[PDB]
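Chains as they are written, first to last, in the entry's author numbering: chain A, 6 to 272; chain B, 6 to 272; chain C, 6 to 272; chain D, 6 to 272; chain E, 6 to 272; chain F, 6 to 272.
There are 6 protein chains.
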Amino acid sequence: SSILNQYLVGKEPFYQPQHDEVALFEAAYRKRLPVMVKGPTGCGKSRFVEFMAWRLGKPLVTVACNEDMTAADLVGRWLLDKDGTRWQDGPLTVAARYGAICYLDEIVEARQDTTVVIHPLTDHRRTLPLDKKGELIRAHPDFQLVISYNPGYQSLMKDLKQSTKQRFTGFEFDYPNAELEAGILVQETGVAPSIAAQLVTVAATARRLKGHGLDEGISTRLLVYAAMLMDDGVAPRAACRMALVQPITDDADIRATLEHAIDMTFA
Amino acid sequence: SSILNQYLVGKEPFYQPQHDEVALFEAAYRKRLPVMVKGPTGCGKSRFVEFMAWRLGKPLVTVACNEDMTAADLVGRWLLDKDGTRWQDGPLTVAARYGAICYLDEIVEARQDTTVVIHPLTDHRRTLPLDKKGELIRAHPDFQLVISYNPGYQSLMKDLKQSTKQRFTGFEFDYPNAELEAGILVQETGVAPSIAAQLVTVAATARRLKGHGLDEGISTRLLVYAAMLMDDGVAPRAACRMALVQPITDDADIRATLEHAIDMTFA
Amino acid sequence: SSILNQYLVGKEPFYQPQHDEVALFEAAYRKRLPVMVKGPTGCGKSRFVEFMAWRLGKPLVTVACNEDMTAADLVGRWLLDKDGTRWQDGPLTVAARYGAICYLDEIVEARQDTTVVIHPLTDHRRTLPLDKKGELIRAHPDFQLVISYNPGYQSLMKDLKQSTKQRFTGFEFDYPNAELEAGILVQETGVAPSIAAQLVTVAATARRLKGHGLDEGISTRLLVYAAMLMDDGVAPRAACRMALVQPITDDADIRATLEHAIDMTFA
Amino acid sequence: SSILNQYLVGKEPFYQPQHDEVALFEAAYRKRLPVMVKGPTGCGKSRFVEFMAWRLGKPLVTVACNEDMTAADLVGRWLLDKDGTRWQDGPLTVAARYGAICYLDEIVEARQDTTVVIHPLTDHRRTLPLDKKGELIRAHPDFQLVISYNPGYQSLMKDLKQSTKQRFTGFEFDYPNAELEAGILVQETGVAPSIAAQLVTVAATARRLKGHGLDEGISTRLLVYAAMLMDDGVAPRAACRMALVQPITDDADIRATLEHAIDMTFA
Amino acid sequence: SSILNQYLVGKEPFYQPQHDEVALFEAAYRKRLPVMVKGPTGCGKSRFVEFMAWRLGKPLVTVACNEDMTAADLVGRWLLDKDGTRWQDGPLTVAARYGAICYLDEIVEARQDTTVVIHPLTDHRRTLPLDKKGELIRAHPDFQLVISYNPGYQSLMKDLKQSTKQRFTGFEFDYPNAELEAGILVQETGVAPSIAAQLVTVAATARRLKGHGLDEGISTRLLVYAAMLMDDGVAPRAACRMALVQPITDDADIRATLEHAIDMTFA
Amino acid sequence: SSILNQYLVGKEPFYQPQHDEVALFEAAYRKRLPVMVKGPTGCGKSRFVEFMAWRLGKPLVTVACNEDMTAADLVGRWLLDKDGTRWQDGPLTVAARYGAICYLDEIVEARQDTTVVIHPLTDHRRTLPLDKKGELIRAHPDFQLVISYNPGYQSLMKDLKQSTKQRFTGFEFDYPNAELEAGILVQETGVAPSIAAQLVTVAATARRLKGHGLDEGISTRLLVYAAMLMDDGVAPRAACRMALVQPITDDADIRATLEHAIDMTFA
Ligand SMILES: Nc1ncnc2c1ncn2[C@@H]1O[C@H](COP(=O)(O)OP(=O)(O)O)[C@@H](O)[C@H]1O
Ligand SMILES: Nc1ncnc2c1ncn2[C@@H]1O[C@H](COP(=O)(O)OP(=O)(O)O)[C@@H](O)[C@H]1O
Ligand SMILES: Nc1ncnc2c1ncn2[C@@H]1O[C@H](COP(=O)(O)OP(=O)(O)O)[C@@H](O)[C@H]1O
Ligand SMILES: Nc1ncnc2c1ncn2[C@@H]1O[C@H](COP(=O)(O)OP(=O)(O)O)[C@@H](O)[C@H]1O
Ligand SMILES: Nc1ncnc2c1ncn2[C@@H]1O[C@H](COP(=O)(O)OP(=O)(O)O)[C@@H](O)[C@H]1O
Ligand SMILES: Nc1ncnc2c1ncn2[C@@H]1O[C@H](COP(=O)(O)OP(=O)(O)O)[C@@H](O)[C@H]1O
């Protein structure tokens with residue numbers, strides 16, 4: 006079968022849109038414009054991309070990005086076989102060859118100008134240089150490049166270069182408003198609505214502590230964790246300590262603050 | 006036999022719970038949520054994980070984590086044989102393939118975004134990219150990811166990224182209270198109870214010197230060492246100098262302080 | 006066929022000259038003088054080079070430049086085949102062998118004295134040392150060296166060395182004046198002229214914020230993106246947020262400023 | 006014969022105990038506890054370890070530790086033979102396999118978390134992961150781990166991590182008192198007792214200059230050198246300049262001070 | 006034919022001596038003393054060396070020096086052939102074997118003690134250690150070592166070590182006086198004498214701005230470029246902007262100054 | 006023939022002793038004590054070592070030391086042959102095997118704890134671990150280790166570690182007094198005695214400028230260069246500019262000072 010069939014999103018992933026990012030991604034795709042998704046960790050960027058891959062009926066090749074990621078990781082390599090020499094394409098190369106969506110997750114993790122590899126794939130005529138193979142690929146007309154990164158979570162030297170930034174269209178994601186986020190919790194875990202709202206208020210409290218002892222507030226992912234634990238019958242206070250507090254802080258006082266909020270919420 | 010049989014915990018490891026971490030780990034596991042254990046060195050984190058692996062009847066694949074650990078160490082490699090080419094899975098890959106617990110011990114030792122390798126293994130659909138093999142593994146439904154690290158014992162640049170932190174549930178371990186720690190000493194070494202309490206008071210004294218000449222107080226492991234030495238008939242003052250003082254400090258005055266405490270305790 | 010035929014520019018690329026850079030590039034070429042194109046990102050440097058390659062009827066071998074680019078990337082290598090040993094030329098070497106234009110795009114990305122590789126190709130007698138092959142190439146009489154870089158977008162240590170700088174003739178590009186840039190938008194996307202002017206005023210507003218919260222103003226490339234999106238029926242305010250604002254800033258206040266400008270322009 | 010026979014200490018090495026380190030090392034060994042020897046250079050740490058290896062009748066595998074020492078140096082590797090593929094164990098692996106004493110000399114030289122390799126060999130169940138071979142070794146019940154390092158002679162970043170420190174029992178060595186050190190000189194070189202005392206007073210003088218122009222005083226090893234030279238008929242003043250002064254300082258004034266002390270001692 | 010025949014300077018290169026460097030280089034050569042040429046970029050150092058190689062009738066092996074240049078680049082390597090193993094000499098090794106002039110151009114680019122490779126080739130008995138081949142070469146009696154570098158154009162840490170500096174005799178080149186430099190322009194390009202003088206005054210103006218907004222004034226090479234462009238019929242103001250201004254500065258005000266000088270010179 | 010015959014010093018090298026370093030080196034050798042030679046560049050350290058190798062009738066294996074020197078350079082390696090696998094010893098290993106003098110020239114160039122490789126070769130029982138070969142060499146009873154370095158010419162971090170320093174006996178060389186240095190010039194070049202004295206006064210003048218604009222004064226080697234040039238009929242002022250001034254300074258004023266001294270000396 007096709008090497009891309011394993012990258013197909015089979016069952017529809019649940020995604021709750023916050024604003025018009027679905028239709029706008031479809032517009033970007035119809036114009037084959039590269040897409041950049043920005044936001045804090047755990048606000049549904051990858052699940053958004055994955056939902057779009059489902060809706061467009063396109064295979065999704067996701068690459069998790071490194072600090073030790075060289076240009077080499079993405080493109081492909083020469084395998085020395087008993088047969089004696091065969092070439093094997095990398096993820097980005099497969100996507101570029103057969104019109105798949107390539108999703109560079111946490112692109113800004115990689116060293117900045119290790120990431121200038123994607124520039125030829127964003128020119129008006131999109132190409133991919135496999136210079137170790139000696140091949141010049143013309144990118145499949147249906148190929149779509151998507152990148153993701155958490156702004157402020159990386160160095161200014163590790164930040165995306167302007168030359169790279171200005172090759173993309175962009176969406177800025179943030180954690181959903183209280184109602185939408187509660188709805189996500191309820192849909193994902195089946196936890197009671199009012200309980201979901203309570204969890205969300207705890208998250209709101211931590212997120213309000215951003216810049217005041219926390220580098221980042223509580224993500225939606227951790228709320229999902231807390232709800233999942235509760236649904237398995239874990240005591241609410243324990244679940245929230247375990248999922249919402251211990252992961253994000255080592256500071257004893259911030260911990261005390263969050264735990265007090267939790268104990269005020271769940272008596 | 007199964008390649009995992011060597012990773013089975015055979016005999017029940019002695020673990021003394023401090024609070025409800027056993028049942029809560031079982032809850033995390035039933036939901037297949039990644040688990041993070043935080044605490045100072047020698048407070049029983051690895052033995053906790055190992056006890057859980059025993060109680061769950063799961064094989065335990067432990068990886069000791071490096072500063073020179075690349076993404077490469079974990080996944081696996083191509084072996085050039087006389088036969089001519091065979092692939093061999095790494096530890097994490099074996100665990101991910103056949104539903105074992107993979108325990109990344111001292112995860113925060115590794116360069117931060119060398120550690121973003123585990124992100125795909127924490128998505129709602131858990132996968133493991135062997136891109137040097139060209140294989141996309143779907144993680145075994147019983148696979149469980151556990152990491153451990155000592156907060157404050159590493160650089161802020163070497164610290165776990167928020168993107169990684171917020172993918173885990175968390176337990177914070179600390180050294181046990183006096184009675185429990187004494188009980189651990191007695192169970193592990195057979196040393197007399199009152200002597201165990203005395204050792205624990207020396208440890209309490211050093212741990213009170215944390216931030217005042219010591220980077221970290223005396224761990225439970227060193228107390229176990231001291232008790233073991235005494236049980237072999239080493240003089241108490243010598244045993245305590247040897248196990249509780251010399252390992253943790255080079256400062257002559259801190260050494261004098263700890264040795265005075267010891268000599269006040271063991272006349 | 007010739008290994009250079011794939012590097013031929015087939016269809017005439019649309020380029021709008023700002024001043025006399027076409028004829029002056031032709032003069033540099035007739036004298037075989039190396040050419041350096043300087044300017045901010047997205048001001049048509051690569052498309053200029055590409056247009057010249059079309060007009061001169063020369064193949065264009067473009068290399069996108071790295072931070073991890075070693076001297077090795079450019080020249081070529083030894084391939085271990087089942088046959089048993091064959092050499093394969095790199096891009097620069099092919100261009101130097103058969104009189105093609107070699108275009109080092111973002112040359113200043115690479116480590117400075119990794120870039121002193123091109124010095125022998127700029128002597129009065131132009132040579133290319135393949136010292137790993139043991140070959141001394143005399144550069145084809147029609148070979149032309151072109152480099153590109155964004156000044157100020159790189160480190161002073163990463164900057165081009167004087168020894169390298171003073172081996173080139175130079176063009177300084179900037180974003181076109183309002184009318185010319187509008188004309189480019191209209192030609193490239195078919196967007197209405199007055200709308201093109203409006204987009205350009207938004208770009209002017211951002212470019213005026215350079216040094217006051219922005220590292221670089223809005224490039225022509227992003228204006229093209231915005232126009233393309235509008236032409237696909239995206240709402241003007243959404244298109245401009247998506248193409249002109251989100252890519253270039255993470256600052257909430259700069260974002261507010263640009264978005265206010267946009268909403269003042271497109272009611 | 007056994008691969009360990011070459012690591013046997015054959016003839017009894019002369020070691021002069023300062024306090025009860027012999028019996029205490031025997032106690033640590035009977036409990037299979039890892040041992041750490043701390044002290045300045047040339048105070049007999051390695052000769053102590055070597056004497057214990059002689060007295061215990063154990064082979065001694067000594068590894069001199071690097072700044073460029075990776076985890077790789079210690080464990081072993083795959084050799085590509087004409088035969089076609091054989092594995093060869095490293096020093097630590099041989100020691101761990103067949104119950105030898107492995108002595109990591111100057112362990113703190115190596116990058117700190119390159120040295121966390123020895124953690125599995127210090128767990129209550131001692132194992133050695135050869136993950137490049139795919140083998141999990143259970144450490145021989147008679148295997149004994151000993152490390153050595155000079156405190157203050159290395160960076161705080163290069164210093165032993167607390168996680169590593171708190172896995173060892175510890176001895177702190179210092180240069181012997183005057184009489185014992187003289188006795189060592191006499192035993193090792195056959196130099197006259199009163200002369201040995203004189204040499205020792207010169208060493209005392211330099212060691213008193215520690216922190217006042219010297220990073221470290223004169224070691225016992227250099228005293229041995231001076232005595233050896235004198236015994237070969239070198240003039241005392243020349244011998245002391247050559248062995249006790251020139252090796253430890255480049256400062257002309259410190260040199261003048263030490264040389265004046267020497268000339269006051271040896272007229 | 007001889008592997009050195011390709012390194013022969015065939016046609017006499019035009020070199021205009023400034024002072025007695027020809028005869029003095031001949032004296033250094035007759036004594037086989039290593040030669041060091043110092044000066045700013047584009048003042049004819051390489052063409053001087055090349056002229057001497059012509060006049061002495063010696064082949065010239067030139068090596069362009071790197072920041073990524075290891076000791077390895079210079080000496081040679083083992084090639085794995087289908088035949089199965091052959092050795093191939095590097096440039097320096099060929100020169101050292103058969104009495105050629107080896108010219109390390111921009112030697113100070115390389116990491117300082119990567120450059121201590123040439124020390125054995127400067128001893129009274131000149132040798133070249135190929136320790137990867139296992140060969141000790143005795144340098145050909147006619148071998149001559151020449152190095153070149155731009156002082157102040159490199160780091161103080163990247164600067165030549167004193168140990169290396171004090172192994173060479175030395176010439177300090179600077180840009181020629183007005184008349185000589187004009188003469189060079191006229192000889193090289195056939196541009197009119199008075200025009201050549203005008204170009205030289207522009208260069209004088211920029212070179213006077215050294216330390217006042219310019220890191221280095223206009224080199225002779227760029228003057229040659231300007232003259233060449235003019236000779237091809239490029240407008241004088243355009244030629245001078247293109248060759249003398251754009252290459253050496255990104256500062257808008259320095260650019261304005263130089264352009265004003267040019268427009269004052271060429272009305 | 007013996008692999009060491011090429012390392013034999015055949016003809017007696019001219020060395021002028023300054024004090025009793027010959028007999029003292031013979032004493033160190035009779036006791037097999039490692040020797041360290043310290044001094045500025047060009048004061049005859051290597052020629053001293055070479056003279057001792059001649060007088061002792063020992064082969065001399067000299068290694069020039071790197072900043073990129075790893076532990077690997079010294080010991081040896083595995084060669085993949087058509088035959089299929091042979092081992093080849095490195096320089097240090099050959100010397101250690103067959104009782105040659107191994108001379109690590111500029112040892113302090115190498116990274117400090119890359120240089121702790123020589124520690125086992127300085128123990129009372131001298132061994133050499135070839136752990137990549139799996140061999141433990143017992144050093145030949147006639148093996149002699151000599152190192153050389155220029156104090157102050159390297160970083161404090163690049164400086165020799167105390168652990169390494171205190172394993173050697175030591176000689177401190179400085180440039181000879183006026184008469185002896187003149188005598189060296191006369192013997193080496195045949196230049197007239199009074200002229201030799203004049204050259205030496207110029208060197209004295211520069212050496213007096215040490216710390217006042219010069220990092221190091223004029224070495225004896227450069228004086229030899231100047232004398233050699235004069236003997237070939239180079240004008241004294243030109244010879245001294247060329248050999249004594251241009252190599253050691255880029256400062257125009259220091260240059261003026263030295264040149265004035267020269268012109269005062271040689272009218
Ligand atoms: N808009 C959303 N719709 C559905 N689920 C969401 C949404 N936002 C966040 N989530 C939840 O957050 C968790 C992590 O989402 P993910 O896509 O990994 O975030 P990111 O990729 O931005 O870190 C998922 O379990 C997902 O259910
Ligand atoms: N809760 C506990 N129960 C039993 N033993 C403990 C406990 N805490 C610490 N120890 C003892 O401490 C020593 C080291 O424990 P370990 O699991 O290696 O700590 P960590 O992994 O946190 O460094 C072991 O010998 C163990 O017996
Ligand atoms: N002078 C111009 N003529 C035509 N198109 C231009 C011009 N300047 C910029 N563009 C547009 O800008 C976009 C990016 O141009 P590009 O050549 O990649 O810029 P650079 O290489 O300087 O980053 C292209 O889509 C191109 O249409
Ligand atoms: N206690 C001791 N007994 C015998 N010899 C000693 C003693 N202490 C130091 N020495 C001498 O010091 C020299 C170096 O000792 P070594 O074991 O290499 O010290 P370290 O390993 O601590 O640097 C040896 O020649 C040894 O004879
Ligand atoms: N003395 C000279 N005689 C002839 N040409 C010169 C002289 N000095 C500089 N040039 C010109 O300068 C240009 C670059 O010279 P080059 O030898 O590359 O300088 P460098 O090697 O010092 O950078 C050449 O085109 C050459 O014609
Ligand atoms: N004592 C000496 N006897 C003879 N020649 C000397 C003496 N000192 C210096 N030289 C001369 O100095 C030059 C360089 O000497 P060298 O041994 O390379 O110095 P170093 O190795 O200390 O840099 C040689 O040409 C040598 O003739």
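All residues carry an ideal CB built from backbone N, CA and C; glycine is no exception.
Give me the residue from the options with the minimum Cα distance to residue i.
{"i": "C:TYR103", "options": "C:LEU133, C:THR119 and C:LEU234", "result": "C:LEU133"}
{"i": "B:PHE178", "options": "B:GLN171, B:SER51, B:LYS16 and B:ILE8", "result": "B:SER51"}
{"i": "F:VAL205", "options": "F:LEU38, F:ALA232, F:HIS145 and F:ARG82", "result": "F:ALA232"}
{"i": "A:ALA248", "options": "B:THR174, B:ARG242 and B:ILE253", "result": "B:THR174"}
Whole angstroms is fine: what's the gap from residue i's alpha carbon to residue j's?
{"i": "A:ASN182", "j": "A:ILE189", "result": "11 angstroms"}
{"i": "B:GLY222", "j": "B:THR120", "result": "28 angstroms"}
Does the distance between the C-beta of residue i and the nearest non-hydrogen atom of ligand 3 fall short of 8 angstroms?
{"i": "C:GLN251", "result": "no"}
{"i": "C:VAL229", "result": "yes"}
For ligand 2, is there any heavy atom lying closer than 8 angstroms to the beta carbon of residue i?
{"i": "B:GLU193", "result": "yes"}
{"i": "B:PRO22", "result": "yes"}
{"i": "B:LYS16", "result": "no"}
Say the cut is 8 angstroms; is the CB of residue i nearer than that to a heavy atom of ligand 5?
{"i": "D:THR119", "result": "no"}
Using a Cβ-Cβ cut-off of less than 8 angstroms, give me the residues of the region 157-173 of chain A that come near chain C, in sequence order. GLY157, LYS166, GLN167, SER168, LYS170, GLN171, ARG172 and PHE173
Residues of the region 29-41 of chain A whose Cβ lies closer than 8 angstroms to any Cβ of chain C, in chain order: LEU29, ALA32, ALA33, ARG35, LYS36, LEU38 and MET41
At which residue ranges does the region 119-207 of chain F contain complete beta strand (DSSP E) runs of 3 or more residues, listed in the order of the chain? 132-135, 140-143, 149-154 and 174-177
Chain C contacts made by the region 204-227 of chain E, where a contact means CB separation under 9 angstroms: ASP220, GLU221, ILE223, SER224, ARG226 and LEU227
What are the complete alpha helix (DSSP H) segments, minimum 4 residues, inside the region 204-270 of chain C? 225-236, 241-245 and 257-270
Of the residues that make up the region 173-206 of chain A, which ones have a beta carbon closer than 9 angstroms to any beta carbon in chain C? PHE173, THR174, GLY175, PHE176 and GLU177
Taking beta-carbon pairs under 7 angstroms, can you tell me which members of the region 134-159 of chain B lie near chain D? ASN155 and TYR158
Beta carbons nearer than 7 angstroms to chain I: which residues of the region 243-259 of chain A have them? Among the chains of the structure shown, chain I does not appear; the protein chains present are A, B, C, D, E and F.
Contiguous alpha helix (DSSP H) assignments of at least 4 residues, all confined to the region 7-35 of chain B: 26-35
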